Each structure stands twice: as structure tokens, then as C-alpha cells.
RNA sequence: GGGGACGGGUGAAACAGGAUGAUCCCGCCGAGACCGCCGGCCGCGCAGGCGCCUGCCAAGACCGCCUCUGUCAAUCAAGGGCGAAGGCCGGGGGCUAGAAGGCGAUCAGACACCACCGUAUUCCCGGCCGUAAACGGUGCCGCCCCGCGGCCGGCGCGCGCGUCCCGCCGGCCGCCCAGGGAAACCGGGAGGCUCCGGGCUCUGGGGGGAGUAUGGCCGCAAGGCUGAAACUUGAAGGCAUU
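Protein chains in written order, with the authors' numbering: chain Sg, 2 to 64; chain SQ, 26 to 151; chain Lo, 1 to 25; chain Sd, 2 to 99; chain SD, 9 to 239; chain LA, 52 to 249.
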């Protein structure tokens, strides 16, 4: 399965106890447009489009 | 609609997503987390459960099982009584793949009265 | 439980002292 | 000195109560000195709840609720934060938080 | 068709596995239970005789379609007795409420009266009927707790036993399945207990077949084989 | 003479003549002089009555059970012993009983049994105390006492025989196919030693 | 029976379990323990303690009372009975857990914690034992004492009439006015006490040595009970503040 791009709807917060993981709710840019929550590394903001390698895996809500 | 019962053993140590034909005497396919993961602690993991199904689903669709009734269970008996992380993923992986859910039910074995559990009166003084 | 372990040590030593008196008398 | 009047257990008009096992630590605690928290969670995760309903062929199906009573020992509860060390005045407050 | 190997390829164990339709008793609107896979007659195991006594748990919501608010939390166990015309005629093996329902009835503050009556049917079946009843708060009342005094509990326990004797004393397995499907007996026990005190969730939680006669082919003709008889 | 359990003489009518027939039975506890025992298919369930075990309800304590139909009784006959009716298989006309050794056997439903524990129970609890009491008991039974250990004997007399240090010298455990002289130790022992369990 | 390869177990592992088909699913059977959720500032009992169903048998407190008796009472050396668990002695029984023992880890070591296997034991019957932080660390009977609530049992009063309401009595409790106390706290007393006296029994007198020694009694034993001195030392201890 090719990776599917998803755009950030809400930047939920900073995790990993070092803040480096960013929690973001991402809505698939194309397709069913499911809104899943995924961990992100680096600088991220609303409307950032990132290719999700599997997308069937989601981080704990707001954790 | 063809229907089977997919017993989901969500437990610590490992998860077994196993589909049987109503009566439970015959199995239309069985998969476990440890069959999809190499690390012992990752056997009770959502990823292994999502990998184990979608591999199970392929076997059961070949065998013509369009829909399944879920009967999720915990370790139960004298211990646990709560589902492992893999148990949620297995139902989600069945829903996504196109298996139509019928009746979801709690099959945890629960004691009317129990035999002394393991651990001692002082307990697991880890 | 040092106080309970103290009475376990004491009982063990009084048992031994009884054995020595049993060897004599 | 005596930290609590109840002595840490609700034993009134009693010389002996039943023995419960802490679920996490598997220890033996009296019924009076036990956490006893009853939880009704839906069988599935709330993230996967709506998609289970869409997938479910049965019309008018209601998602099963899981009813369980989690009982823990003081050590196997303070460490999981089910109960918290309170201030001497706050300790007296018997009302459940929220 | 719910079958696979009968008409199509399958994995190596299922290559020799044909599928057989299972049919419920006539009382239920949805007769079709489903399909059961059995390996084809190999040597001493005739495929029909392998599926001779298989028991299936079917929700009453499935067996009788319609409103799931009522009937959606009960399950009947129907054991195949005879395999005729490549179909599995099924009788009765047990009735039960679901685990979700059992944990919903229990609440703190109330009194639980649960008793079992072993009632022989005219059909030669011995049935252990388990009924659960919960005391309820009054219409007004000052105290929060709904606990009753001993005289009340003794009357409730006796009235449960007495009404089961009238309801299911001269019962037969076809009559009993109809009484379980439309919960008349549950309503009758609720009415009697309500006269004694405010009561809630009074119903037969589980019925079980303790002793079943053999050669129950006449029982199958009355139930599964013919609808007109069970009316 | 040789049996610890008491034996009761019960007189029955002669069914093939004008006289009376005297029958000696093992006495179930509670048999009294003048008790009317009944033997037959329609005999009532009372201690001392003999009925086929299919009629006898399950959980009943019976004695002198017939191993096979019309065997005149071969099972629980020693003092205080009893068999327990465990189950009835109506289809095969066979009744499972729990033998005194705790084994369970399937007998015919036709096989007859006498209701009740056999009397003389607790006979083995009293210590014999003296060699004398053993002498008296064995006189009544047979010449099997006193028993000399084979380690005490010469090498000609016994396999365990005799060396300089009075020892078996080879494993006491002997095979099942040992010949008549050789089988002297622990026969076909599945396990040996004093250990807790079971 | 079905199905196919890993299961267990952990914090992560590992030791056992598996193509003699494990795990998993379902039917069925045997064995013994145990009685969930309901289950508690519920209740009962002299304490220790007490929760399956259905009977059987004998109780007990409380309440109500224009019933009887007429001080029959209180507290108690000696004496009698009871007494968790573990232990012991005979019979059984043996599912689980599991002192010992054995293993796999850990670690510097680990014969500990954790995993795993498992004997005594756990369970019943007939006894011994006679102890627990057996605690409310608070003897028992009696009197008065300040409000404010909760629950349980019985009874009475209004009132439409409700498992209302207001009492009364007994119990279990929470807060607490005085008052007490070194304070924590008690306040149904730890109040009515340097303004000291209702009755009765028991115990203590700086901290060790030492519950040791010896003698007695008791028990099958383990041990119980009674119980020193020589000698040592200047603190030990309580509660509270930082």
C-alpha cells in the first residue's frame, strides 16, 4: 500500500516527555477522509500535509 | 448473509483472533499476534492484532465468510477481566476489511465463586 | 520483623539448651 | 499517632470481614479496606464505536456495555493514582471528587 | 448460497468440507440459523452423523426479527437432533440472557432474589429454570436504599416458586419455547412480585435442559417440522 | 472363623417344595434377629433387602454386589466395605458402581446387590499390639505368618539371599514377565517411594 | 472433533508446553475447593467469627405490654467452657494456591524479590494446642451531660395516605458546644477530676539484661503459663513544631 497524505486539522499537543513528539489530528487528504490522530516529529502546523505510511494505526487521543 | 462467530481472545501475553462456524466445532481460520510479531512483549499489541487480521480476513473471505458475530474475551477465570490492547484493534481490523459485524458479546470466563488465585496473600511484591 | 526474628532466634537457642540438658541429667 | 478515625477501613459492628484480592497486585485485602470502583465502559473503544455500528448488519443493535468492579490494595492503588496522598484537612473530605 | 467447497475451491483442510443448512423451530419467524461446514463422508464418519448434535446460540432478535428493544438481549440454544434432506432440524437446549443484560440488572442499594426451580415437562425433559428479581425504590420514599425486610423477601421467593409451578408445571417443550419467546411468564412473575413490593428486572435469566429423553423425533415434528401444530 | 465381618443366616421359604431354605449371607450393618429381608426385583429399598442394581437409586451404599448377572455376589464382602451406585446407562442396561478400591466398573443392571455397609467396620483401626494377636488371627485364616525377610535368608533360599551386609544388592523392582522364582520384589512397580499426592 | 505453529511467562527475558497436533474453539465427563456482582459509615454473634439452594432442630437480643416473681443483683482470684491462622495426632480426601525443595532470570553476589514446577498444608471428621497489631492498641455494671445529621430493628402519633411526617425505645455511626488532655485527638468520653471519693476486677512504676536463667504446672511435640537476680547505662519513650 502506497502512503496516503493527510492534512492537520488540530495540533493536539507536545508528547514524549521531551516534547519532540507532536500530537496532531490528521484528516486523510483524499479518500474516505477519516480523521485519525498521529504522532509527528519536527515542526508541524495546521494544514500541514504528511504522507501516512500505514494510517490504520492511531495514537491515544490527546495523550 | 453467511455468518460465523469470531472469538477474539484479548489477553496479556498474546491475542488470538479465531473464527468458528456458529456451533464452534469447526474453525474457518485462526491467527495470533505472536504469529505476526517477533518480539514477545509485542505479541499483545495493536499492531500485531491489525497485522494478524487482514491476513485472517483473506483466509475467511476465500472460505466465503462474508459476516461474523464477535465474542471478545479477556484472560478471565480467577484473573484479568480486562481486555488487552490487541482486542480493540482486532474488531477495528475486521470492520475495516469488510466483515459485517452481527452481535458483539462479552465471553470473559467469570467465576460464580473462585479457586485461590496465584500471587500469595502478600501478592506480587514486584 | 526484627522483634519476631529475635523471638525465633531465642526459641531456637532455648531448644538447643534443652537438648544439652537432655544429654545430661 | 492515629492518622485516621476509620483506621483506614469501614469496619463498624464487625470483628471480621471477607477477603478480596487486589486485581493488579493479587494481594489479600479485607473488603472494608479495598478501593471498590465500579466501571461501565462500552465493549469497544469510542474511536471504533461508530464504525462498528455502520458495519453491524443488525438494525437497532446497541453496543454492549462492560460492567466490572475494580478492587485494589492501598499500595496497588496509590501507585496507579486511583487514590492520592491528600492533605490532612483534604483527607477528611469524604465526598467523591467530581 | 452460504456454502463454499460444495461449488468452489478452498484451502487444503476445507477442500473436503461441504456446508449444510441449519433450521430453527417453527415458533421463530427466521427459520434459517445458518450453514455448518462438515468434512465429506471419509470412512466411519458420515458427514450427516458428524453434525448430529451441534448446539448453536442464536439471539432471539435474530430468530424473531423486528424490535430489538425487546428480545434483543435473549439467546436460545438450539441443538440439531435429526439431519433430513441435507438440512439440520433443531430442538431446544437452553435459553439465557446476555452478559451485558446480566450486569445491567445489578445495582448498589437493591436486594437481589435469585432462585432455581427444577420443573419436569410433560415431554419428559427436566428443566432447571433460573429467575432473577431485583427490589426497586418506592414511588416516593425517604431512604435512598431499596432493601426489603425478611417477611417481604420470603414472600417474593415463595411467589417466584409458586408462579413457576402454575406457569410451567404442565408445560411441554413447544409451549415453553412460545412462553419464552413472548415473555408472558416473565410478566406473570413481575405482576406477582409487584403486589408484594416495588420490583424491577424480574424475569427468567436462564433455563437449562438437565435431562433430555432420547428418540425426540416426535418432539421435532411438533416443533421444527410443522408450524400449524405450534399455531 | 476366618472372616472379620459377621455372617447372617436368613431362612427363606422353599419355592420348589414344602420345606424352608437356609441361606448364609454377609451381614449388612443393622441386620437384627427377626428382620424380614426381601430378595427380588420388587424388593423395597431397605438395608438388607437384595434388589437388581438398576432398580437401586444412585448414591446408595450396597454390598455383596454380583460382578456378572446371577453370580451369587462377588464384590464388596469385607468388613466395613461398600460399593456406591454411581450411574445407570438405560440404553446399554449397564450400571456403573464405584468399587471399594475407588475403581469404577460397569456391571449389568440385572446384577443384584444387598443394600447397606457390611458390618465389622473399624476392625483394622485397633492395633494388633502383640505378635500373639496376629498369631490368633492368622490361625483362623492360613499359614502365612510369621514372615521372614529374604535378606535374612541364605542365597540358596531366596533371590534377595544373603551376603555379608544383609542387602538386596539389586533393584527390588522386578519386571512383569519375571519367572516364578524371580518375582520376589516390587512387581511391575509404576513408581516407588513414599511421596504425597493423588 | 475441528484447525494449523508457535504457545507460556515477564518490566524485558528465560526455564519448562508443542506435527505423540500445543495454544485456540466447541461438545462432554470427573474431582475437590469455593460461594461473585448484590455486599454496605447493612445486620447478627460472648469474643474468635458469620453470605449457594432446600428443608429440619434448638436459640438470642430488641420492641410492645394495666402478665407473673419480689431483690432473686454488680464485679469477679480459684475453677469451668470457648478461642482466627499456623502447627500437631489419628482417619480420610486431594481441585486450587502453596511454607520446604527444585529450577530460570537478576546481581558484584542472590540458596531474595519476579517467572516456573511442586511437598506438607489448604478441605472434612474425632481430638490436642491456647496464641494474634485476639485493637476501639480504650475492662465491666451505674448516673448525668449539646447540638446537628445518616442508617438498622420494633412501636406509637397525626395525616390522605406517603415504604410521608413527628416522636419513643434499643443498636451502629459521622461532625462537634462546653469540658478534658503534653498534644494528636476524645466528646454515646479520653466530660462532670490538684474544685481531686458510685461499686468491682486486672495491670504498670527509667531504659537494658530478659521474657533470659532456674523451679513449678500444662502440652505428644512445637511451645504455653508463672517468672529472676548479678550486672550495665543516662537516657529510653510519647505528641507536636521547624
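Ideal placement from N, C-alpha and C gives every residue a C-beta, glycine not left out.
- Flagged as an interface residue toward chain SQ: residue 62 of chain Sd, by a C-beta distance shorter than 9 Å.
- Beta-carbon to beta-carbon, residue 28 of chain Sg and residue 8 of chain Sg are separated by about 6 Å, close enough to satisfy the 8 Å threshold.
- By the neighbour-count definition (other C-beta atoms within 10 Å, threshold 16), residue 20 of chain SD is an exposed residue.
- Here residue 80 of chain SQ is actually not in contact with residue 73 of chain SQ; their C-beta atoms are around 11 Å apart, not less than 8 Å.
- Taken atom to atom, the span from the alpha-carbon of residue 115 of chain SD to that of residue 154 of chain SD is near 10 Å.
- About 42 Å separates the beta carbons of residue 140 of chain SQ and residue 86 of chain SQ, which is beyond the 8 Å limit, so they are not a contact pair.
- Check the Cα spacing between residue 69 of chain SD and each of SD/63, SD/142, SD/189, SD/49: the tightest is with SD/189.
- Here residue 80 of chain Sd is exposed. Its C-beta has fewer than 16 other C-beta atoms within 10 Å.
- The DSSP-derived three-state label of residue 148 of chain LA is strand.
- For chain SQ, the residues of the segment 64-87 of chain SD that bring a beta carbon within less than 7 Å of one of its beta carbons are 64, 67, in chain order.
- Interface residue (Cβ-Cβ distance to chain SQ less than 9 Å): residue 55 of chain Sd is classified as such.
- With contacts defined by Cβ atoms closer than 9 Å, residue 27 of chain Sd and residue 109 of chain SQ do not form a contacting pair.
- In the DSSP assignment, residue 217 of chain SD forms a beta bridge with SD/135.
- Ranked by Cα distance from residue 36 of chain SD, the options SD/56, SD/83, SD/57, SD/62 are led by SD/83.
- Per DSSP, residue 114 of chain LA is not a residue of any alpha helix (DSSP H); the beta strand (DSSP E) it occupies stretches across 112-114.
- By the neighbour-count criterion, in which a residue is buried when 16 or more other Cβ atoms sit within 10 angstroms of its Cβ, residue 109 of chain LA is exposed.
- Distances from the alpha-carbon of residue 101 of chain SD to those of SD/13, SD/235, SD/185 put SD/185 closest.
- Between the segment 27-34 of chain SQ and the segment 35-45 of chain Sg there are fewer than three C-beta pairs closer than 8 Å, too few to call the two in contact.
- The alpha-carbon of residue 105 of chain SD is positioned some 12 Å away from that of residue 78 of chain SD.
- Along the segment 52-64 of chain SQ, there is no position whose C-beta sits under 8 Å from a C-beta of chain Sd.
- As a beta-bridge residue in DSSP terms, residue 65 of chain SD pairs with SD/85.
- Of the candidates SD/167, SD/97, SD/120, SD/216, the residue whose Cα lies closest to the Cα of residue 234 of chain SD is SD/97.
- Apart from the 5 residues on each side of it in sequence, residue 118 of chain SQ sits with its Cβ closer than 7 Å to the Cβ of 74, 75, 78, 79 in its chain, given in chain order.
- Closest in C-alpha terms to residue 7 of chain Sd, from the list Sd/17, Sd/33, Sd/23, comes Sd/33.
- About 4 Å separates the beta carbon of residue 225 of chain LA from that of residue 236 of chain LA, a gap short enough to meet the 8 Å contact definition.
- C-alpha of residue 170 of chain SD to C-alpha of residue 177 of chain SD: approximately 10 Å in a straight line.
- When Cβ pairs closer than 8 Å are counted between the two stretches, the segment 180-195 of chain LA is seen not to touch the segment 97-117 of chain LA, the count staying below three.
- Every beta strand (DSSP E) stretch that sits fully inside the segment 135-207 of chain LA and reaches 3 residues is listed by chain position as 145-149, 155-159, 163-166.
- Chain-ordered, the chain SQ residues with CB closer than 9 Å to the CB of residue 59 of chain Sd read 126, 127, 128.
- Non-local C-beta neighbours of residue 237 of chain SD in its own chain, meaning closer than 7 Å and more than five positions away in sequence, comprise 230, ordered along the chain.
- The C-beta separation of residue 126 of chain SQ from residue 120 of chain SQ comes to about 6 Å, placing the pair in contact by the 8 Å criterion.
- Scanning the segment 64-110 of chain LA for uninterrupted beta strand (DSSP E) segments of 3 residues or longer gives 71-77, 101-103, listed from N- to C-terminal end.
- Of the other Cβ atoms in all chains shown, fewer than 16 fall within 10 Å of the Cβ of residue 50 of chain Sg; this residue is therefore exposed.
- For residue 57 of chain Sd, the three-state secondary structure derived from DSSP is coil.
- Residues 142, 144 of the same chain have their beta carbon placed closer than 7 Å to that of residue 208 of chain SD, with the five preceding and five following residues left out of the count.
- With respect to residue 105 of chain LA, residue 139 of chain LA sits close: the two C-beta atoms are nearer than 9 Å.
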